[PDB]
Every structure is written in structure tokens, then in C-alpha cells.
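Everything on this sheet refers to the single structure shown next.
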Amino acid sequence: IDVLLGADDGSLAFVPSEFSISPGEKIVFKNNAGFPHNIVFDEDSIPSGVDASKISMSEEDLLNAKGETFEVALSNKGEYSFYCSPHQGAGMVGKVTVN
Ligand SMILES: [Cu+2]
């Protein structure tokens, strides 16, 4: 599934921000608008036993040009909360469910 970082009107959101996937399906996050942007998974808000480090950017790593992507695949089922560290306060957050 593709997820935009930044809406086409420059809003600071994931598009889509809530979605479901199958195990091992890829998520491609692509730098769209209002960068820099990143994707960090919340260690306290993903399935038990998952290593967030494995599926996130570092807090300090950024995508700062149009069309940069980060790709990840999830396999454990459950809900995964994620956010953009620099724009978390702006409401740039999301949640994916692996079902
Ligand atoms: Cu962002």
C-alpha cells in the first residue's frame, strides 16, 4: 500500500492515516509535501514482542526531498501506532492493523 507523507494541499497528515494490511504486505511511505518527514513506530503501541527499531526510522533520520520513500513490511498481527517525530504535535500520526 502507498502512504503519502503530507497531503496534496500541504496538510501535515499521512494519507491514508488509518489502514489495514495483510501480514508481509509492504507499506511504501513517500515524501509528498511539507517535509522533512519521518516514520517512527511507538514501542508501547505495537504488538507484544515486536522490535520497533526494525520497522522504524531513527528519530533523528529525515526524508527531506520530494519522492523519497521508506518501505516496511509487518508480519505480527495487531495494531501499530506510528507518528512523524517533527510533526507529531501537528497531528501527523497514524495506525495500521495487521489482520
Ligand atoms: Cu511528518
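Here chain A follows Swiss-Prot for its numbers: 70-168, in order, are the residues you see.
Any Cβ shown, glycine's included, is placed from N, Cα and C.
Features as listed in Swiss-Prot:
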type    : residues                       : note
DOMAIN  : 70-168                         : domain 'Plastocyanin-like'
BINDING : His106, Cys153, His156, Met161 : Cu cation binding site
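Where Swiss-Prot records a feature, it is marked here on the structure.
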| residue | record | DSSP class |
| --- | --- | --- |
| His106 | Cu cation binding site | strand |
| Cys153 | Cu cation binding site | coil |
| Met161 | Cu cation binding site | coil |
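Within 10 Å of the C-beta atom of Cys153 (Cu cation binding site) sit 28 other C-beta atoms, taking all shown protein chains into account. Sequence-distant contacts of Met161 (Cu cation binding site), defined by Cβ-Cβ distance under 8 angstroms and a gap of at least six in the same chain, are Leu81, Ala82, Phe83, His106, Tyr152, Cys153. Look at the domain 'Plastocyanin-like' (70-168): DSSP puts its residues at 7 helix, 37 strand, 55 coil. In terms of local Cβ density within 10 Å, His106 ranks first among the binding-site residues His106, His156. Those residues of the chain, other than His106, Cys153, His156, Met161, with a C-beta within 8 angstroms of the mean position of the Cu cation site C-beta atoms are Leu74, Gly75, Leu81, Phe83, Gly103, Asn107, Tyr152, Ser154, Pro155, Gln157, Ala159.
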